[PDB]
Amino acid sequence: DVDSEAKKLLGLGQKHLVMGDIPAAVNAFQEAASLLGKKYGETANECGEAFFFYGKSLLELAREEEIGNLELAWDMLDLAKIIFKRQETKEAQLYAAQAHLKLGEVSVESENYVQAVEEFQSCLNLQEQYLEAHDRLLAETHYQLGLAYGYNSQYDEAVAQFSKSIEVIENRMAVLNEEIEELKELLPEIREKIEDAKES
Amino acid sequence: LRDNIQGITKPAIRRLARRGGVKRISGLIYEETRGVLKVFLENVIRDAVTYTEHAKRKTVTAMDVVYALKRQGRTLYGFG
Amino acid sequence: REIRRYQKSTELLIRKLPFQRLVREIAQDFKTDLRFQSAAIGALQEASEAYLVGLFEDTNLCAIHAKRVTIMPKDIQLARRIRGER
Amino acid sequence: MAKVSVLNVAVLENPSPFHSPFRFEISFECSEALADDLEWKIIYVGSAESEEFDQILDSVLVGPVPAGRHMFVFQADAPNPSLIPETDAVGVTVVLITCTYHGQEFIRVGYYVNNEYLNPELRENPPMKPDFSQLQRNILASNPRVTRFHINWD
């Protein structure tokens, strides 16, 4: 019953994450995470997935009480990150990678870049650890990492991350031969970021 | 006593610790923390002041410092 | 749940004036005729905090790896080496 | 910036007894043909309390280095148990890999290393002098640390 209601609450929550309703998503996760931590304990890993999505909606809701949302989003992402860092499976580790991704993005909006690049460097370590050479998640993080650098005035290092990201797209554009439209139109986003990065 | 002058309080030290995920510290942390920082500042001050004499400045500013720290070393959590 | 905190970005965890006198005496072991622009100090300030938060990130790691919670100086020395500058 | 870029390192057959040789799979990329020599090192930190107990395990000197992707595997024998202070012998320590473009360190990758007993009683009550044959070396592949110093590449 608790396990049953919680899983759909996570469903309806991400279904508010498509709907565009941010607070509703946030509260779907609050109680969901509330039910899990109150049943299994705040240490238990069965809280992790709800913990992640909880810390995920609060980040979206952060857009002048933003830092407060930054607090709780950081905590839940940090709780989920160690819940996953414990489990030695592929899924949980990549979930800790995703947790590190969001942690890093929680830092750039926090304008805490030094830690942001770190969490992106951490997410990349675990993705690289596990994913394959032509996986779109590597470009999901190289890109992110380049901008965070740009935000930190490390413009040369920023461009390089961008290049690794675009190359991740181009190389998967080879086995896709023997989503091609989808890659074509998000390449302009990165080239614009490239031309602007060291331009400063 | 002059060699005992400090630049960071004990409150700050535990603050910096917990934000790196540290949960508890031993009593000797405060000295070690203060010991290694001095070294850091030693290594840094020298370079920035060096460039102040290299840039032949007197009121040395950050523009020296940041070059003096790009000279110190950047630790990242992976290879990508 | 004793897990990592975070900053606000508004100001520093280090007072500049106790910091500055330390800067002063460290630099005066080298020479006796020196002066320092407040900008230079603030630069050293943030650099200090940065290095500190880095080693604490590593210090807790190895401390984690021995079955332990309280951190020992050896862990600090160790994190200094896994960076490595001595 | 740098004319060389270490793409990735990989620690192999981890964990293993204390006495077994290290095995890393290293891969880098030279942006240009390199004239001078590249020197890779493995260093085992014998004591945290003093770099004096650093033990340079192996080193390879390569030069000139072409441009492009390179990969090799660095194997180095286990560190000398006779040179380790017995305090530092069982516990957590560090191992390092460094490269050197004609005499200057431009990169230092580092790992924690946990040496444990697995015999249940030896972890329970360890012998005064460490039984290195009975020790196991678990390097931390999960958490590398790469420190890059900027140098002259001319």
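Positions of Cβ are generated from backbone atoms using ideal geometry, with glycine treated the same way; all protein chains shown enter the neighbour counts. Quick note: the coordinates plus some simple rules give every number you see, no bench work behind them.
Observations
- Matching entry among D:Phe24, D:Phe28 (being within 14 Å of another protein chain (Cβ to nearest Cβ) and within 24 Å of B:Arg71 (Cα to Cα)): D:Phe28
A quick yes/no check of all residues on (1) part of a strand (DSSP E or B); (2) more than 30 Å from D:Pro127 (Cβ to Cβ):
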| residue | (1), (2) |
| --- | --- |
| D:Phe28 | yes, yes |
| D:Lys41 | yes, yes |
| D:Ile56 | yes, no |
| D:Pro79 | no, no |
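- Per the conditions (1) at the interface with another protein chain (Cβ under 7 Å from one of its Cβ atoms); (2) under 17 Å from the mean Cα position of the chain (by Cα); (3) closer than 25 Å to C:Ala40 by Cα; (4) crowded, with 17+ Cβ neighbours inside 10 Å, the sole criterion not satisfied by B:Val66 is (4).
- Sole exception among (1) among the small types (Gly, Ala, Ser); (2) closer than 16 Å to A:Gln115 by Cα; (3) exposed (fewer than 14 other Cβ atoms within 10 Å of the Cβ) for C:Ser38, by number: (2)
- Of the criteria (1) outside any helix (DSSP H, G or I); (2) more than 9 Å from chain C (Cβ to nearest Cβ), which one B:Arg34 fails: (1)
- Applying the condition of being touching a helix residue (DSSP H, G or I) at 6+ places or on another chain (Cβ under 8 Å) and of a type outside the set (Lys, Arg) to the range D:143-154 and asking which residue is surrounded by the fewest Cβ atoms within 10 Å (Cβ to Cβ) yields D:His150.
- Only one of C:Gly54, C:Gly84 that is closer than 30 Å to B:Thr61 by Cα and part of a helix (DSSP H, G or I): C:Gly54
- Here D:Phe106 meets the list (1) in contact with a strand residue (DSSP E or B) (Cβ under 6 Å, 6 or more places away or on another chain); (2) surrounded by 15 or more Cβ atoms within 10 Å (Cβ to Cβ); (3) not in a loop (DSSP other than H, G, I, E, B) almost entirely, failing just condition (1).
- Pairs, first assigned to a loop (DSSP other than H, G, I, E, B) in the range D:123-140, second small (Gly, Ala, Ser), C-beta under 9 Å, six or more apart: D:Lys129/D:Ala89; D:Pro130/D:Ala89
- Among the residues of the range C:41-81, those that are within 7 Å of chain B (Cβ to nearest Cβ), touching a strand residue (DSSP E or B) at 6+ places or on another chain (Cβ under 6 Å) and either aromatic (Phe, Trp, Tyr) or surrounded by 23 or more Cβ atoms within 10 Å (Cβ to Cβ) (or both) comprise C:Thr59, C:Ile71.
- Any pair with Cβ under 7 angstrom, 6 or more apart, that starts in the range A:168-186 at a residue that is surrounded by 10 or more Cβ atoms within 10 Å (Cβ to Cβ) and ends at one that is assigned to a loop (DSSP other than H, G, I, E, B): A:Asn171/A:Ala133; A:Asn171/A:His134; A:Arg172/A:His134; A:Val175/A:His134
- Cβ pairs under 7 Å, 6+ apart, first in the range B:38-62 and more than 9 Å from every other protein chain (Cβ to nearest Cβ), second in a helix (DSSP H, G or I) and not charged (D, E, K, R): B:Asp47/B:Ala68; B:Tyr51/B:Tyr67; B:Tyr51/B:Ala68
- Any chance C:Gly84 is over 18 Å from A:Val114 (Cβ atoms), in contact with a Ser or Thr (Cβ under 7 Å, 6 or more places away or on another chain), surrounded by 15 or more Cβ atoms within 10 Å (Cβ to Cβ) and among the small types (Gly, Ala, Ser): yes
- Any chance A:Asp78 is over 12 Å from the mean Cα position of the chain (by Cα) and more than 23 Å from A:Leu10 (Cβ to Cβ): no
- Qualifying residue in the range D:117-131 (condition: crowded, with 21+ Cβ neighbours inside 10 Å, farther than 17 Å from C:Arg80 by Cα and either more than 13 Å from chain C (Cβ to nearest Cβ) or touching a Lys or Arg at 6+ places or on another chain (Cβ under 9 Å) (or both)): yes
- So A:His134, is it facing chain B (nearest Cβ under 10 Å) and of a type outside the set (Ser, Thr, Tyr): no
- In the range B:10-31, the residues that are outside any helix (DSSP H, G or I) and within 7 Å of chain C (Cβ to nearest Cβ): B:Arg19, B:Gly20, B:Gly21, B:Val22, B:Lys23, B:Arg24, B:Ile25, B:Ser26, B:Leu28
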